[PDB]
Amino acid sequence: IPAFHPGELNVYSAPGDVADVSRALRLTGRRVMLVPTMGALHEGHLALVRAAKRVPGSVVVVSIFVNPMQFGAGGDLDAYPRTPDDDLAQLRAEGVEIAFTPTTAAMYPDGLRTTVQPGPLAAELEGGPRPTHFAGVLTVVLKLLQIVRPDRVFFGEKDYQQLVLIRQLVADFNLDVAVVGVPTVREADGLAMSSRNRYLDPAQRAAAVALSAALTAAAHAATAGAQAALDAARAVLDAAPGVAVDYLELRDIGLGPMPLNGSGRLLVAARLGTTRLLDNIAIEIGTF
């Protein structure tokens, strides 16, 4: 155990340090909450922190680590926004008590050796053109879960496929953690919070409202059935200047090998210039 000053932000880089402090805290009866992040924190991340904070007796651990294993070449890894000064300041302001900021060397001292192989869901949607992306995500999350051993781990719904795959990891490896999905935080016009929003110029920012407009239109059209919901979303996206749709799919809530019934999830990914944006929404078919 290194030092832990309660009511203050404690930053640990060494996996051993945060593991020691976490273990000590849990033994004195605190419930450890984990919010895994890649930094560049926005209000979406702060909603996760606040949800964690609400759990009685909680101590909140926010990890910040840009994980090289979930990026493919070139390219993307070097381009990910890094603003540690802002991040830690936001955490102090939220009364978070632990930030965990490991090095690449500490996380991957043996490179990529044992890794997590996701189920078939990882090959679809976001995984289609990026066949190793979710192996990278699940490997890092497993490691963070083992280092920190939290009672609960918090993820946004914005990256819905990621959230589902993390629930699969937790179930499939019998991890003793509760996965908490938090509803997507949105700008006033509906745009989903994302660290990628900073790459939209004023015009693209304006056009980008079409993703959330298309989704909310579909959710309401859905009383009239799946075809109507999908066609409403498509119509809104088609009305949008220089939104280039990658996919728009209505799936079961688990995204998996089961047909859509009364409850589903509508997912969209689209490019605005070079910026790729995701959003999704709960859909009830035939329900007003």
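Sequential numbering from 1, following the sequence displayed. For clarity, a rigid core is taken as the largest C-alpha set superposing within 1.5 Å between two forms.
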Fill in the blank from the handout: After superposing on the rigid core, the stretch whose C-alphas lie farther from this form in 8 other deposited structures of this protein, comparing 276-284 with 260-268, is 260-268
Practice task
Compare 176-184 with 129-137 and report which one shows the larger root mean square C-alpha deviation from this form in 8 other deposited structures of this protein once the rigid core is superposed.
Solution key: 129-137
Practice task
State whether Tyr199, though modelled here, is left unmodelled in a third or more of the other entries compared.
Solution key: no
Handout entry: Other compared entries missing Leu88, a third or more
Key = no
Problem - 138-146 or 80-88, whichever carries the higher mean Cα B-factor - result: 80-88
Completion exercise
Of 121-129 vs 152-160, the stretch with the larger average CA B-factor in the entry is 121-129
Completion exercise
Top Cα B-factor in this entry, restricted to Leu248, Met69, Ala47, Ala232, sits on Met69
Completion exercise
From the entry's CA B-factor values, the highest among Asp110, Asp189, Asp172, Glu94 is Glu94
Completion exercise
Binned into thirds over the chain's modelled residues, the C-alpha B-factor of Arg167 lands in the lowest
Fill in the blank from the handout: Chain thirds by Cα B factor, record data; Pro183 belongs to the middle
Handout entry: Within-chain third of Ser63 by Cα B-factor, per the entry
Key = lowest
Exercise for the section: Name the third of the chain's ranked CA B-factors that contains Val236, choosing lowest, middle or highest. Expected result: lowest
Practice task
State the tercile, meaning the lowest, middle or highest third, of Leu260 with respect to the CA B-factors recorded for its chain.
Solution key: highest
